[PDB]
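Residue numbers (our numbering), protein chains in the order written: chain A, 1 to 213; chain B, 1 to 130; chain C, 1 to 226; chain D, 1 to 446. For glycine and all other residues, C-beta sits at the position ideal for the given N, C-alpha and C. Report on one structure; see the data block that follows.
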Amino acid sequence: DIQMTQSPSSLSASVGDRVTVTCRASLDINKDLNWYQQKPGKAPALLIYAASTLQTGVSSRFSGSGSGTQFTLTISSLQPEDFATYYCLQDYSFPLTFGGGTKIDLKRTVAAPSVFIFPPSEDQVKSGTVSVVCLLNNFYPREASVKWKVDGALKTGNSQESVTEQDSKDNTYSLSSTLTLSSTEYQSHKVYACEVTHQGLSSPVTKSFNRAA
Amino acid sequence: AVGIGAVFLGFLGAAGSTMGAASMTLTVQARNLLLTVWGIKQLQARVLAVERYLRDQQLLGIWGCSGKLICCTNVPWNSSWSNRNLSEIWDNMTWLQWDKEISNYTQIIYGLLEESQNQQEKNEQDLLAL
Amino acid sequence: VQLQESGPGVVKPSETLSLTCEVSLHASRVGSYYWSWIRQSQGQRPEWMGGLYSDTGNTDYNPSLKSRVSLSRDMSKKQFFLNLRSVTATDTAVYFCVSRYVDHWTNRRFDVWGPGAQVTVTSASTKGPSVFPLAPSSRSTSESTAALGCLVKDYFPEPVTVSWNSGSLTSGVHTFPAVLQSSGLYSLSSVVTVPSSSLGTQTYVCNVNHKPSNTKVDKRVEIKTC
Amino acid sequence: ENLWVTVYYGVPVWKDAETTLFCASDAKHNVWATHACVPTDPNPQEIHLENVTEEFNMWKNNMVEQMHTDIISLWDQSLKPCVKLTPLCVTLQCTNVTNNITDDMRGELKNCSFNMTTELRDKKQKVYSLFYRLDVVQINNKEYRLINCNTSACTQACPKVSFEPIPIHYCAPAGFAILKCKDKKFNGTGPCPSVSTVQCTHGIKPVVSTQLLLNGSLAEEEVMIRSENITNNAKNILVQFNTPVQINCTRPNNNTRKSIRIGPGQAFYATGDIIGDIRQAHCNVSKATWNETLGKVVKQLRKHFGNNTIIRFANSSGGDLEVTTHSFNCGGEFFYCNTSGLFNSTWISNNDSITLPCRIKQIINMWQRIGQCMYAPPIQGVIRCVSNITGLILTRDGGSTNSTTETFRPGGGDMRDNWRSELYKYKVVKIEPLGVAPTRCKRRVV
Ligand SMILES: *[C@@H]1O[C@H](CO)[C@@H](O[C@@H]2O[C@H](CO)[C@@H](O[C@@H]3O[C@H](CO[C@H]4O[C@H](CO)[C@@H](O)[C@H](O)[C@@H]4O)[C@@H](O)[C@H](O[C@H]4O[C@H](CO)[C@@H](O)[C@H](O)[C@@H]4O)[C@@H]3O)[C@H](O)[C@H]2NC(C)=O)[C@H](O)[C@H]1NC(C)=O
Ligand SMILES: *[C@@H]1O[C@H](CO)[C@@H](O[C@@H]2O[C@H](CO)[C@@H](O[C@@H]3O[C@H](CO)[C@@H](O)[C@H](O)[C@@H]3O)[C@H](O)[C@H]2NC(C)=O)[C@H](O)[C@H]1NC(C)=O
Ligand SMILES: *[C@@H]1O[C@H](CO)[C@@H](O[C@@H]2O[C@H](CO)[C@@H](O)[C@H](O)[C@H]2NC(C)=O)[C@H](O)[C@H]1NC(C)=O
Ligand SMILES: *[C@@H]1O[C@H](CO)[C@@H](O[C@@H]2O[C@H](CO)[C@@H](O)[C@H](O)[C@H]2NC(C)=O)[C@H](O)[C@H]1NC(C)=O
Ligand SMILES: *[C@@H]1O[C@H](CO)[C@@H](O[C@@H]2O[C@H](CO)[C@@H](O)[C@H](O)[C@H]2NC(C)=O)[C@H](O)[C@H]1NC(C)=O
Ligand SMILES: *[C@@H]1O[C@H](CO)[C@@H](O[C@@H]2O[C@H](CO)[C@@H](O)[C@H](O)[C@H]2NC(C)=O)[C@H](O)[C@H]1NC(C)=O
Ligand SMILES: *[C@@H]1O[C@H](CO)[C@@H](O)[C@H](O)[C@H]1NC(C)=O
Ligand SMILES: *[C@@H]1O[C@H](CO)[C@@H](O)[C@H](O)[C@H]1NC(C)=O
Ligand SMILES: *[C@@H]1O[C@H](CO)[C@@H](O)[C@H](O)[C@H]1NC(C)=O
Ligand SMILES: *[C@@H]1O[C@H](CO)[C@@H](O)[C@H](O)[C@H]1NC(C)=O
Ligand SMILES: *[C@@H]1O[C@H](CO)[C@@H](O)[C@H](O)[C@H]1NC(C)=O
Ligand SMILES: *[C@@H]1O[C@H](CO)[C@@H](O)[C@H](O)[C@H]1NC(C)=O
Ligand SMILES: *[C@@H]1O[C@H](CO)[C@@H](O)[C@H](O)[C@H]1NC(C)=O
Ligand SMILES: *[C@@H]1O[C@H](CO)[C@@H](O)[C@H](O)[C@H]1NC(C)=O
Ligand SMILES: *[C@@H]1O[C@H](CO)[C@@H](O)[C@H](O)[C@H]1NC(C)=O
Ligand SMILES: *[C@@H]1O[C@H](CO)[C@@H](O)[C@H](O)[C@H]1NC(C)=O
Ligand SMILES: *[C@@H]1O[C@H](CO)[C@@H](O)[C@H](O)[C@H]1NC(C)=O
Ligand SMILES: *[C@@H]1O[C@H](CO)[C@@H](O)[C@H](O)[C@H]1NC(C)=O
Ligand SMILES: *[C@@H]1O[C@H](CO)[C@@H](O)[C@H](O)[C@H]1NC(C)=O
Ligand SMILES: *[C@@H]1O[C@H](CO)[C@@H](O)[C@H](O)[C@H]1NC(C)=O
């Protein structure tokens, strides 16, 4: 099939900023691409069609450029209502595929994340399933890297992430990584840890705990 | 551009519009223009419709519009029929009101059109004789 | 011109899912439209399953799901159905019915999108929520701030409201959205950051309210004394 | 600077003209020979027209006359292959039926015995049947004869087909268009702000009624009064109301149909012995719903006159049985109900079911055509009919002393009014694709 490429994923921008979003394709698309804006809890809305014509009912601040395999969305003057997810969709041939997404938020000072780890209780262990929670609070930018380590070895799988919407008071964020495992798998190991790397952290933060202590 | 849907104005949908707006909805009306008692009545209705379309086609055929929807004519438009500005007769008047305004001069216009086309063909024949 | 989706919000796994989208045709317009179905998961990019025409009905399906998707339509009652047999846990997403048609009378694209309906594939039913206390570690008392919370696990369906100190405490309270687990039940967590000097002197109680099952849970959060 | 005339083709121009409308149906023996109509379009197109105020008018469109002529032709074509019931006009020795007869139904039925022909011409048979009092007359144990004996003889309704009024769509041929008025508060005659061009009429039920319109189209939002001239005393009044009232009609006589061979392949269906109890056929209507409907009709009619005048409803004026009583059809049986119990109330400014008896008439002459009657054969079993009233046909009485105490009586002889409350929205026009709008072009001269 056709893969749709788009950059970047999340970036910081202030009100009235001159920002561009890049989008690439695996094959030749020429000019059959459209840009969409989707808000949380709302359906996507068309902004620019055919990569050069402005859709009716949309502000003139949005613009599009590029051809062939390269496409770029440009904003002339950013506004607070433009803070939403942006997608790039091709229409040259089937199948129809979208981009990775681009989230824009209000730019502010960089704050280090407050990483904490919550060990499972005895009732949770006796219930049959445990869930280790690694929490991050008051961090900016949106991008961050959280990984799970078991017995000093990096592991993947059985992990979920829950991220809340942007705070309207201090413009911060809250991150919560949940590692759901069984009682046998939890009792089979002894050392558990979550490591977080952020721009505001000069060293990788590692939160570890043991079952015995 | 693979899932683009095309929709046009409906049959007689441009009746309340202006002259210029309804001027681009002629093709749809042109294409949409076309136990013994029931069969003979429906057959007579279809034959009457075909004869009416044939008469209209012949009316446009005797003039210099043998096939084309939009066509001009060298004869001028006298102000005795309708002395209105072009800026408002094409943007502030529908086809119904305009047709009801000069409905008494349609026969005169048709007669002058047919004689003008006849003399035009005679002039073209005389010009080709050189 | 508006579009709307309809169907069961909660469906059982392994059976065929059916959705109905009502169309509001443009007044005084004749031609052909292009109806399509696009689903979008929580925190994931949207995915297009298939599309079809209104006059010819040429159905185009995605190769990754052509063996389960089926798009049908009818002009008798002017409706189009979407069928997806053998639904899995990954099918839990928000479905949207779109209609693409360019009006030659106004030269506009008319890209209208429906509000979408949330479809969840699970085998669980309505039950009470499980609350677990996420108390801070004893070695974290050296820091100026400590985070404590309550975890909601093994509950269905939405929604639940978590409050701290009967709703009086609102500074630093963060309630993360529910995420569907692998077992087919939702789960979330509510945290709050408070200074370490308040530990041992203030009683922190989290209250969880569940409207579909009408369950009220109150739990006290305190550090593990050794 | 001068202008030049240019001829255009395919322009939207309308002219009031009369054409022949062809029937259409879903094409699902059939009823009223619906196979003559072409199949209808499963997706009828509706084109709403904006910025248009086309004039609409009733009592003048040729669609109602075309529908009347089409119904007459369909009726004649349906009754033509049926057996001609001409030789039963003989001396019918009739006696009264006293088999558990009630006081009100006494004298309505008559057991008549007569000599009827059989398959063999040289032999006759003494047969007995039951005939209503409305179908027999005395000639001076007594002798009686049918009412249509001194009038032209007629056929009988074949049991293979029924009188079910299936919906029919009237579509115009090429070169014509049908415009409908989508205004909810549309007047009887005047311009319509919401005109819509449609392929052809919607499901039209060819119901037959003389006093109360039933099984028709409901109103948009409130009661409406329609008439060609409200101040005219001789002009009929058509009232349409949005919330219908249900009527339950029953024929408790469990009569048995009997087949009599009256010749080669000719079978006369007569009424045999009525088993069980016997009772007069009657209809029931809800008292509360009828009172609410009457109040809404009175409130809607009070705006057309003074607010201080009072209005009284009276029964039928008189005349023949076709207009003095409500005549309709249910399960192949014809009912004649006395509606005097409904129009018996006055209206001054500012357990609960009404029952009305009905009579059954076999010798029916529909369409008010002298001669060409139709013998309705009896239907086995108890006839149960359920219907919704969608309108009424009122008539103001003469005199009108000091414009007070207006008395309204039901009526309506012609059947055209029965469809005037259904085809009022619809109209047919002829499209003119010729236009001579001028511009500044001159054409390439040779
Ligand atoms: C106004 O609208 C109402 C609708 O509410 C009409 O009422 C209908 O009247 C017809 C007859 O005029 C009724 O049809 C008869 O139904 C009898 C009961 O059968 C029931 O079950 C069958 C099988 O499921 C259904 O098809 C049927 O609809 C009923 O639900 C039948 O015994 C009758 O059979 C007769 O016709 C058949 C051919 O179809 C013959 O073969 C038989 O021998 C027999 O002669 C008949 O089908 C209908 O039921 C009524 N509707 C309702 C809801 O009760 C009014 O007639 C209509 N017009 C007026 C003026 O009021
Ligand atoms: C096109 O021809 C028709 C038909 O001749 C014209 O209609 C006619 O218009 C005149 C007025 O222009 C009408 O006269 C009216 O008479 C009454 C009674 O005397 C008077 O009260 C009015 O004030 C008015 O004068 C006439 O009735 C009417 N119809 C006929 C059959 O003559 C129409 O005006 C012509 N249009 C143009 C643009 O020439
Ligand atoms: C009916 O009339 C309205 C009013 O003119 C038309 O709507 C548009 O109105 C704006 C008002 O400024 C005009 O500038 C536009 O030119 C109008 N549109 C067009 C296409 O002319 C409306 O389009 C008309 N509709 C019909 C069916 O005639
Ligand atoms: C049916 O036919 C019989 C036979 O002709 C009729 O009976 C005759 O009636 C007349 C008049 O009363 C008598 O003079 C004859 O003597 C009768 N003949 C026989 C053989 O009985 C009878 O009247 C006819 N009509 C009916 C209704 O039965
Ligand atoms: C509707 O009917 C009334 C009946 O009252 C008609 O009224 C007549 O009006 C003329 C006006 O010149 C009078 O000379 C008559 O005397 C009136 N009739 C009566 C009986 O008094 C009215 O014209 C009719 N409206 C129409 C036909 O449009
Ligand atoms: C109508 O009258 C006829 C006689 O003219 C009745 O026919 C006979 O009636 C007797 C007594 O009721 C029965 O025993 C016979 O079986 C009947 N048939 C014949 C052929 O003799 C008939 O029953 C009467 N019908 C009614 C409804 O009273
Ligand atoms: C191909 O057809 C679509 C309509 O289905 C149209 O929108 C598109 O512009 C066409 N492509 C070209 C190159 O003409
Ligand atoms: C027509 O145009 C002339 C100028 O050419 C102008 O003076 C006049 O007012 C116009 N009339 C109308 C009705 O627009
Ligand atoms: C029979 O009924 C008629 C009415 O149809 C009546 O005039 C007559 O008196 C009745 N005769 C008997 C004997 O009941
Ligand atoms: C037929 O007889 C009835 C009853 O006597 C009578 O009312 C009617 O006028 C007669 N018709 C003719 C045409 O003689
Ligand atoms: C309906 O039309 C008649 C005649 O034009 C008029 O007298 C009457 O007032 C109109 N009624 C309404 C409700 O417009
Ligand atoms: C009418 O008579 C028939 C005779 O068999 C019987 O089956 C039927 O039940 C009767 N109906 C009523 C309503 O009595
Ligand atoms: C009509 O109402 C009367 C009131 O007593 C009742 O006896 C009769 O059975 C009713 N008939 C129907 C068909 O409801
Ligand atoms: C008529 O019969 C129906 C049968 O369900 C009943 O619901 C309705 O109330 C009846 N109406 C009257 C006026 O008897
Ligand atoms: C209708 O209801 C009103 C309610 O007050 C009552 O006064 C009136 O007599 C009723 N009319 C009939 C005909 O039942
Ligand atoms: C009659 O009453 C209605 C409703 O209040 C009002 O609109 C109308 O003007 C009144 N007419 C007269 C003549 O008082
Ligand atoms: C019904 O109308 C007739 C005239 O057709 C009349 O003689 C009779 O008295 C009326 N009945 C009632 C109850 O008003
Ligand atoms: C209806 O029945 C009443 C009962 O008193 C009667 O007076 C009236 O004349 C009847 N109607 C007709 C039109 O005969
Ligand atoms: C009409 O109402 C009057 C009021 O007393 C009553 O005497 C008469 O019998 C009623 N007539 C009918 C047919 O209901
Ligand atoms: C009568 O009205 C009811 C309620 O709207 C409806 O369900 C029923 O189909 C109607 N029957 C007829 C024959 O119109």
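Cβ-heavy atom distance, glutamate 101 (chain B) to ligand 2, below 7 Å = Correct: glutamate 101 (chain B) has its Cβ closer than 7 Å to ligand 2.
From what residue to what residue does the beta strand (DSSP E) around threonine 180 (chain A) run?
-> Looking at the DSSP string, the run of the beta strand (DSSP E) that includes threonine 180 (chain A) is 174-182.
Spell out whether any CB of chain A is found under 8 Å from the CB atom of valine 7 (chain B).
-> no
Around the Cβ of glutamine 362 (chain D), are there at least 16 other Cβ atoms within 10 angstroms (buried) or fewer (exposed)?
-> buried
Runs of beta strand (DSSP E) lying entirely within the segment 17-73 of chain C, each at least 3 residues, in chain order | 17-23, 29-31, 34-40, 46-53
Is there at least one non-hydrogen atom of ligand 1 closer than 7 Å to the beta-carbon of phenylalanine 408 (chain D)?
-> no
Listed by chain order, chain A residues near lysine 219 (chain C) by CB distance under 9 Å | Result: empty, since nearest Cβ-Cβ is about 11 Å, beyond 9 Å.
Taking only beta-carbon atoms, is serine 76 (chain C) less than 8 Å away from chain D?
-> yes
Exposed unless 16 or more other CB atoms sit within 10 angstroms - verdict on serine 162 (chain A) = buried
Starting from the C-beta of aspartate 1 (chain A), find all residues in its chain whose C-beta is less than 8 Å away, skip the five residues before and the five after it, and write them out in chain order.
-> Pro95, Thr97
Would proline 42 (chain D) count as contacting chain C if we go by Cβ distances under 8 Å?
-> Judged by the 8 Å Cβ criterion, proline 42 (chain D) is in contact with chain C.
Whose CB is closer than 6 Å to a heavy atom of ligand 13? List the residues in chain order.
-> D:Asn248, D:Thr250, D:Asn284, D:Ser353, D:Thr355
Using only alpha-carbon positions, find the residue among D:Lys124, D:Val38, D:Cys373 that is nearest to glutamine 156 (chain D).
-> Nearest of D:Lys124, D:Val38, D:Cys373 to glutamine 156 (chain D), Cα basis: D:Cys373.
Using the Cα positions of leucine 294 (chain D) and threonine 210 (chain D), report the straight-line distance between them to the nearest angstrom.
-> 19 Å
Interface positions of the segment 57-85 of chain C facing chain A (Cβ-Cβ less than 8 Å), listed along the chain | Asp60, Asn62, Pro63, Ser64
Please classify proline 39 (chain D): does DSSP put it in a helix, a strand, or coil?
-> Strand at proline 39 (chain D).
Top-ranked residue by Cα proximity to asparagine 209 (chain C), from C:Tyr34, C:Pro157, C:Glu5, C:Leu25 | When each option's Cα is compared against that of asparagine 209 (chain C), the closest is C:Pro157.
Following the continuous alpha helix (DSSP H) through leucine 128 (chain B), name the residue where it begins and the one where it ends.
-> 106-128
Pick from C:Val87, C:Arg85, C:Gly114: whose alpha carbon is nearest that of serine 99 (chain C)?
-> C:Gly114
Listing by chain order, which chain C residues have their CB less than 7 Å from the CB of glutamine 124 (chain A)?
-> One finds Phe132 in chain C with Cβ atoms closer than 7 Å to the Cβ of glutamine 124 (chain A), taken in chain order.
Exposure of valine 47 (chain B), with buried meaning 16 or more beta-carbon neighbours within 10 Å = exposed
If you count every other CB in all the chains shown that lies within 10 Å of the CB of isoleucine 262 (chain D), and 16 or more means buried, which is it?
-> Within a 10 Å sphere around the beta-carbon of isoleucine 262 (chain D) sit 16 or more other beta-carbons, which makes this residue buried.
Just the C-alpha distance for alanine 22 (chain B) and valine 112 (chain C), rounded to the nearest angstrom, thanks.
-> 27 Å
Does any residue of chain B bring its CB to less than 8 Å from the CB of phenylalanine 83 (chain A)?
-> no
Comparing the C-beta of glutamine 119 (chain B) with each C-beta of chain D, is any distance below 8 Å?
-> no
Counting only beta-carbon atoms, is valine 196 (chain A) nearer than 8 Å to chain C?
-> no
At 7 Å on the CB atoms, spell out the chain B contacts of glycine 51 (chain C), in chain order.
-> Near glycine 51 (chain C) (Cβ distances below 7 Å), the residues of chain B are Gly3.
Give the DSSP-derived three-state secondary structure of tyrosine 101 (chain C) in the structure shown.
-> Note: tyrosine 101 (chain C) maps to coil in three-state DSSP.
In terms of residues, what are the limits of the alpha helix (DSSP H) holding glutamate 143 (chain D)?
-> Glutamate 143 (chain D) -> not in any alpha helix (DSSP H); beta strand (DSSP E) instead, spanning 142-146.
Which residues DSSP lists as bridging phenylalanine 81 (chain C), in chain order = C:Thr20, C:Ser72
Do you know how far the Cα of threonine 197 (chain D) is from the Cα of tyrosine 375 (chain D)?
-> 43 Å
Taking 7 Å as the cut-off, is the CB of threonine 189 (chain D) close to at least one heavy atom of ligand 11?
-> yes
Starting from the C-beta of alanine 84 (chain A), find all residues in its chain whose C-beta is less than 7 Å away, skip the five residues before and the five after it, and write them out in chain order.
-> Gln37, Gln38, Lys39
With a threshold of 16 other CB atoms inside 10 Å of the CB of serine 421 (chain D), please say whether the residue is buried or exposed.
-> The residue is buried, with at least 16 neighbouring Cβ atoms inside 10 Å.
List, in order along the chain, the chain B residues whose C-beta lies closer than 8 Å to that of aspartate 32 (chain A)?
-> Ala1, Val2
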